[PDB]
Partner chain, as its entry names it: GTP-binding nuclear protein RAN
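Have a look below at one chain only, the form solved without the partner chain, in structure tokens format.
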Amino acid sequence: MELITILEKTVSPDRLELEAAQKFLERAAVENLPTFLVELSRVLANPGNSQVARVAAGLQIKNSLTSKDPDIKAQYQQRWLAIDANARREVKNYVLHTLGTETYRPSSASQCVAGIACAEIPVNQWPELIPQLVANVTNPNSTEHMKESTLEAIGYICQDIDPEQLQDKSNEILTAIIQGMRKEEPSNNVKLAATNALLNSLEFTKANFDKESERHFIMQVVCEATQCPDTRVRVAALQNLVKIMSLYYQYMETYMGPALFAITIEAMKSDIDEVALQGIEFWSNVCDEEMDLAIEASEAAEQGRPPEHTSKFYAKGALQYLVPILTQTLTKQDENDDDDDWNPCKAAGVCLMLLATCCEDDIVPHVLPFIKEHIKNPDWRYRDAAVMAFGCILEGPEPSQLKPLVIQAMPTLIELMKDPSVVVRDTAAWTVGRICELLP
């Protein structure tokens, strides 16, 4: 039986087939592992093989170098480190060769590279790997498939290996990563992979963001990537904008007004959930930040010293624009339930709530007008919106400021509790369930 054949039977629809292929490949790993890893790795490398087999092979390598279970993961990484060095050099090569020689899109090689780098970079046993990959991205004569395969591998390593293990090689990786995102880069498949690796590289790139020169460049490449017509990129591009807002709030005052604001706001409005959800996520992070900041401030006040860092009250500022966009998104509610299911609505709720606890004061006045106008609306959607909007701001604003509004609204509220709509009925239950638990 050629290995190719067994690899293939791991997808066979026949339940027996599946079985055999599985036990045969399971014994192999536990009884001829060095050989097994070499053959497999040889399969993965030959463009003459089927997407099916090439991929099955790759998986078998990954599943022998990593697990989701921490205890097994180490065991495997130990088992590998203790294999003959040459055999591991032989495998390390076929894998690394495969880069750029794959037809199918999700690179079966990338997983392998990370699965080994994860066990060898920490004991300096594969020092060629990083500079190598960095080159595949930076050599101009490099094929697109090369740059994509590689950028994906960089991403997995950036993702599965401790960030401290790459702090000394940040610069190189960042260059290669940003290279794949430049406007000039043709293939969006590459631009995607590159942007996806950048997301995991933020943790160990602090050095770079602190240098006004470089950071200024990164925000450009990221911002321009949010324009890429390939949605898939536009999403990952915003994903970085969000994670950055979190890690580098202090450096943002330069980009916030002249670009970030417009981008994220349009983002919260695209009909494409995947996108909207990211725009929302953005501000929800600004809030977490500006609240922790207000706390740090309240603590330095009781020390007679200015606070280390300072809020710029972006949330409080965008409040006039955020609220109407959020309340309206509370309209686009999915009729057949998406119960826990994270859609633009559920998120726009959580956000409004975060705003209310972040601007205990300024919030109520921007939301109220919407509530009053649509509380008695014929459309169950806009109605439910008003009901939710109200129950959202119930936490944060001074109790004294809320009590009058509660009481003067309690009538129509309790009535909504038995509204014809089954959705308004649950919402009205929640809002009322809050007006209690929050203030008897």
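Residue numbers count along the first chain shown, from 1.
Just so you know, the form deposited with the partner chain bound exists too; it's not on screen, but the next bit is about it.
With the partner chain left out of view, the stretch that reaches within 4.5 Å of it through heavy atoms in the bound PDB entry is, among 127-135, 364-372, 304-312, 346-354, 346-354. Taking 268, 242, 323, 358 one by one, only a single residue has any non-hydrogen atom within 4.5 Å of the partner chain in the bound PDB entry, and it is 242.
In terms of contact with the partner chain in the bound PDB entry, the residue from 328, 188, 101, 159 that brings a heavy atom within 4.5 Å is 159. In the bound PDB entry, the partner chain stays beyond 4.5 Å of every heavy atom belonging to residue 422.
Of the heavy atoms in residue 281, some are within 4.5 Å of the partner chain in the bound PDB entry. In the bound PDB entry, the partner chain sits within 4.5 Å of a heavy atom of residue 288. Not displayed here, the partner chain is approached by residue 232 to within 4.5 Å at the level of heavy atoms in the bound PDB entry.
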